[PDB]
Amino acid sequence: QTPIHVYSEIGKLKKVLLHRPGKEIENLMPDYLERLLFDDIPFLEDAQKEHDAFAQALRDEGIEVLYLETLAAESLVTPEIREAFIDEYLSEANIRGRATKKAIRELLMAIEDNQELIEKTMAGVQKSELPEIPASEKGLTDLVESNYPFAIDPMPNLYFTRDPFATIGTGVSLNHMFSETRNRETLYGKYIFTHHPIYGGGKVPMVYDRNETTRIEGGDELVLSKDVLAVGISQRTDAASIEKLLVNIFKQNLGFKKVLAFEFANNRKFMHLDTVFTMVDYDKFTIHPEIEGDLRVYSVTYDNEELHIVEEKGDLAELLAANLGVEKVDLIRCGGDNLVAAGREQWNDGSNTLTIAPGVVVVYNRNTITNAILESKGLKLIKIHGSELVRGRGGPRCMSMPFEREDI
């Protein structure tokens, strides 16, 4: 056995990693929304009830729900590792002024409970929380006073555990995010996969590093089968990251023979591959209709220790069927045939469906048309309320990171 075991997107989910929204959602302000990747300001209490209901809906299906804050807290195994974490967090926090960085270090060092400490680093720090620094103690950047209310920004997207790191076979892809707001989130994965008693100490092989120059995000990484991976060349994932990931996979002999690289890097509208394409059964996929036209797929293999590329110019459904070993693949249209319904539901992550078993999917109640089509195809739905959670522009698959899945 191994702590990580993910060889599909549809295998019966046994362990999943989530993040319960904390004060990072409360520290959202209207003027700073576009950058912190938020569409609206959620109501924390209702967002927490919705996220608890989602985690409970997973537990009701026999899934072990793991929390990012808990795993990160369990990684600060020594006072030295706890101090190393505080200092690494502060160096990446983009603090303006030496005296402000010093005051925050004192504040964090005073938090006795490890999970309480982790949660505070996730929430950020308001300037109002800090004592008044006397002029004599002030440095140059301390003297430049601004109306900006945060000393350390929150990381509100943390409840979207899909992107900072993705599980591949027995390994993890510790990602280098597009936005430097979201690349701060990869600090929790770093401490878990190096110092956690179960997930650290080299027990989990790394197929990507956060230190790496080129960008990659978990939403582009799809584990279709034990032999095939799907990865999108998008606005958030550089093509160079995909080759470095492939070379590392065949290096750590994970067992994946081929990689289907989905080129749509020119399509700014759709951030990740999973926002327009997910696997819901052995021979079924939810797809966004618009992406069919400007899509280029490549078969990337690692033979004679060198990488070989073949552009697959044929039909997508036929290509997926040949690669999965099934007779025919059904590409189910998000939002049906109606353009308006498709646009509306795509925006609400209608194509980003979490599959907890073959043909068993977790969906938002608001995606009525897509849900009705999935049901008509013989799929089983677990509908959840996501009115507050969808404000972060992500669905159930975005809010989750499988740690263990039954083999197919």
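For every residue, the number given is its place in the sequence shown, counted from 1.
Asker: Hey, which bit's got the bigger mean C-alpha B factor in the entry, 118-126 or 104-112?
Answerer: Higher mean C-alpha B-factor: 104-112.
Asker: May I ask you to compare 228-236 and 287-295 by their mean CA B factor in the entry and name the higher one?
Answerer: Looking at the recorded C-alpha B-factors, 287-295 comes out higher on average.
Asker: Based on the PDB record, which member of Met279, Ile192, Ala151, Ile309 exhibits the highest Cα temperature factor?
Answerer: Most elevated C-alpha B-factor of the set, per the entry: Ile309.
Asker: Between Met177, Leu143, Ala84, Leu158, let me know which has the highest C-alpha B-factor in the entry?
Answerer: Reading the PDB entry, the winner on C-alpha B-factor is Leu143.
Asker: Quick check on the deposited entry: does the C-alpha B-factor of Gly201 sit in the lowest, middle or highest third of its chain?
Answerer: Its C-alpha B-factor belongs to the highest third of this chain's values.
Asker: Quick check on the deposited entry: does the C-alpha B-factor of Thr181 sit in the lowest, middle or highest third of its chain?
Answerer: Highest third of the chain for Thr181's C-alpha B-factor.
Asker: Lowest, middle or highest third: where is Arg162 by Cα B-factor in its chain?
Answerer: Lowest third, going by the recorded CA B-factors of the chain.
Asker: How does the C-alpha B factor of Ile408 compare with the rest of the chain: lowest, middle or highest third?
Answerer: CA B-factor rank for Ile408: highest third.
Asker: By the recorded C-alpha temperature factor, relative to the other modelled residues in its chain, which third is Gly218 in?
Answerer: For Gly218, the deposited C-alpha B-factor lands in the lowest third.
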